[PDB]
Amino acid sequence: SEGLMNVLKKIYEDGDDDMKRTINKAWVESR
Amino acid sequence: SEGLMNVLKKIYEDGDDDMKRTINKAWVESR
Amino acid sequence: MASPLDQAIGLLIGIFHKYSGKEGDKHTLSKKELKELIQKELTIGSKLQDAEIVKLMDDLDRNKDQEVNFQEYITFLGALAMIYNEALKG
Amino acid sequence: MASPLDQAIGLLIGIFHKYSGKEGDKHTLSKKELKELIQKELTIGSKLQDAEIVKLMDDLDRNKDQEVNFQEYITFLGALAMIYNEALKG
């Protein structure tokens with residue numbers, strides 16, 4: 001495989017809760 | 001070269017200045 | 001627990017994907033859809049700066065003329081943050 | 001919108017410049033700077049992943065082979081943002 005994205009995919013597993021709220025805020029401003 | 005920074009300056013000078021506010025917060029809050 | 005940076009890169013995602021979502025699931029913006037992002041995010045309504053936005057669009061389209069990809073749109077925001085002058089001084 | 005984006009690009013500089021400017025006026029991150037930036041500002045999911053954090057640091061330095069510069073660090077955050085592919089699919 002590309003190798004790169006498989007190292008970066010380990011940072012996804014950090015378990016954050018605010019990023020998925022802030023994306024929704026940045027969408028909801030244009031409703 | 002193209003006059004990149006001279007066209008991007010027109011956006012720096014249009015931004016709401018929260019850039020420098022958030023920088024100064026992030027420089028204080030980590031201690 | 002990467003929350004402070006993850007939500008800031010999440011702001012750039014949540015801005016960008018509104019404008020591609022106008023036509024589909026894609027991770028790209030076409031040159032006029034990119035200009036829609038600029039005018040709808042940076043609301044210079046009735047100002048003379050749209051002549052500067054069509055040049056800013058040509059600086060963005062220099063990555064690819066047909067449609068500008070999300071990663072190159074972030075590379076351009078990296079230049080925009082560097083050209084801010086005061087930000088990298090304090 | 002403008003102010004929501006302008007503070008988010010201010011988060012990236014509010015994180016970055018504390019490390020690049022730690023021993024001068026410098027605008028680049030060396031291998032120790034980027035690792036200290038992540039372990040202080042983002043922490044981690046588990047300390048067992050730190051061997052993959054030094055590989056992410058080596059993939060960041062891939063751009064220059066000594067120390068990574070600001071636009072290249074943001075370009076790599078564009079690839080890190082692309083790993084959150086669901087937010088770029090909607």
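Residues numbered from 1 in each chain as written, not as in the entry; some residues may be left out. Chains lettered and ligands numbered in written order. Heavy atoms only, no water.

As recorded in the entry header, the structure was determined using solution NMR.

A. Spotlight on the arrangement of the chains. In this assembly, five pairs of chains are in contact, and the pair contributing the most contacts is chains C and D. In this structure chain A stays clear of chain B, and the shortest span between their C-alpha atoms is 16 Å. (Contact = heavy atoms within 4.5 Å.)

B. Seen up close, the relation of the copies chain D and chain C. Of the transformation superimposing chain D on chain C, the axial component is 0.2 Å and the angular component is 178 degrees, with the fit at an RMSD of 1.7 Å. On this basis, the relationship between the two copies can be described by a two-fold rotation axis. Comparing interface residues between copies, 85% of those in chain D also lie at the interface in chain C; the contact surface is shared. (Least-squares fit on C-alpha atoms.)

C. Here's a closer look at the UniProt feature "binding site: Ca(2+) 1" in chain C. Residues and elements named next belong to chain C. Per the UniProt annotation, the sites labelled "binding site: Ca(2+) 1" are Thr28 and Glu33. Within the element layout of this structure, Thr28 appears in strand 1 (residues 28–30). In this structure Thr28 comes out as buried when scored by relative accessible area, which is 11%. With sequence-adjacent residues up to four places away left out, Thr28 is seen in contact with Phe16, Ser20, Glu67, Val68 and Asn69. (UniProt positions renumbered as here; feature names shortened; annotations may be inferred. Helix = DSSP H or I, 4+ residues; strand = E, 2+ residues; numbered from the N terminus. Buried < 20%, exposed > 50% of the residue type's maximum accessible area, 1.4 Å probe, protein only.)

D. Quick look at the pattern of salt bridges. Summed over all chains, the structure comprises 31 salt bridges over all chains. Ionic contacts of the salt-bridge type, sharing partners, join the residues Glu2 of chain B together with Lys55, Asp58, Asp59 and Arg62 of chain C into one network. (Salt bridge = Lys/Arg side-chain N within 4 Å of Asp/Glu carboxyl O.)

E. Focus on the nonpolar core. Membership of the largest hydrophobic core comes to 77 residues, with the highest contact counts inside it found for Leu56 and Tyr73 of chain C together with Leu56 and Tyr73 of chain D. In contact with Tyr73 of chain C, not counting residues within four places along its chain, are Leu12, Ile15, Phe16, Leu37 and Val68 of chain C together with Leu5 of chain D. (Core = buried A, V, L, I, M, F, W, Y, C linked by side-chain atoms within 4.5 Å.)

F. Inspection of the packing of helix 4 (residues 70–82) of chain C against helix 4 (residues 70–83) of chain D at higher detail. One can describe the packing of helix 4 of chain C onto helix 4 of chain D by two numbers: an axis separation of 8 Å at closest approach and a directional angle of 145 degrees. The handedness of the crossing between helix 4 of chain C and helix 4 of chain D comes out as right-handed. Contact with helix 4 of chain C, carried on its side by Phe70, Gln71, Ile74, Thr75, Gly78, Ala79, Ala81 and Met82 of chain C, involves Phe70, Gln71, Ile74, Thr75, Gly78, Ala79, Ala81 and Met82 of chain D of helix 4 of chain D and no other residues of that element. Class assignment for the residues of the contact of helix 4 of chain C with helix 4 of chain D results in ten nonpolar, six polar and no charged. (Axes fitted to C-alpha atoms, helices over the stretch in contact; angles between N-to-C directions. Left-handed = near helix turned anticlockwise from the far one by under 90°. Nonpolar A, V, L, I, M, F, W, Y, C, P; charged D, E, K, R; others polar.)

G. Seen up close, the interface of chain A and chain C. Of the residues lining the interface, twelve residues belong to chain A; the matching set on chain C comes to 13 residues. A buried area of about 1,100 Å², summed over both sides, lies between chain A and chain C, and 62% of it is on carbon and sulfur atoms. Among the residues of chain A in contact with chain C, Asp14, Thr22 and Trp27 of chain A are the three that bury the most area, contributing 40% of the side total. At the junction of chain A and chain C, the tally comes to one salt bridge. In this structure, the salt-bridge partner of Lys18 of chain C is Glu29 of chain A, at a minimum N-O distance of 2.8 Å. Where chain A touches chain C, the interface holds seven residue pairs in polar contact. Residues that form the side of chain A that touches chain C fall into these classes: four nonpolar, three polar and five charged. (Buried area = accessible area lost by both parts, 1.4 Å probe. Polar contact = N/O pair within 3.5 Å; in protein donor to acceptor, adjacent residues only side chain to side chain.)

H. Spatial organisation of empty space enclosed by the protein. One pass over the full model with this rule turns up four cavities of 30 Å³ or more. Estimated volume of the largest cavity: approximately 260 Å³. Lining the largest cavity are 21 residues, and of these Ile11 of chain B, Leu42, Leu77 and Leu80 of chain C together with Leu5 of chain D sit closest to its centre. If you list the elements that add at least two residues to the lining of the largest cavity, you get helix 1 (4–12) of chain B, helix 2 (31–41), helix 3 (50–61) and helix 4 of chain C together with helix 1 (2–20) of chain D. Residue composition of the lining of the largest cavity, grouped by class: 16 nonpolar, one polar and four charged. For the second largest cavity, the lining is made up of 20 residues, of which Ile11 of chain A together with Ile38, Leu42, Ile53 and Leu56 of chain D are closest to its centre. Of all the secondary-structure elements, those providing two or more residues to the lining of the second largest cavity are helix 1 (5–12) of chain A together with helix 2 (31–42), helix 3 (50–61) and helix 4 of chain D. (1 Å grid on protein atoms, 1.4 Å probe; cavity = no way out; pocket = protein on both sides within 12 Å on 5 of 7 lines; lining within 4 Å. Points joined across faces, edges and corners; volume = space filled by probe spheres on them.)

I. Just the interface of chain D and chain C, in detail. Residue-level contacts link 33 residues of chain D with 31 residues of chain C. Both sides together, the interface formed by chain D and chain C hides about 3,000 Å², and carbon and sulfur atoms give 73% of it. At the boundary of chain D and chain C, one finds zero salt bridges. Along the contact surface separating chain D from chain C lie 13 residue pairs in polar contact. Looking at the side of chain D that touches chain C, the elements that each hand over two or more residues are helix 1, helix 2 and helix 4 of chain D. Looking at the side of chain D that touches chain C, the element that brings in the most residues is helix 1 of chain D, giving eleven residues. Of the residues belonging to the side of chain D that touches chain C, the class tally is 22 nonpolar, eight polar and three charged.

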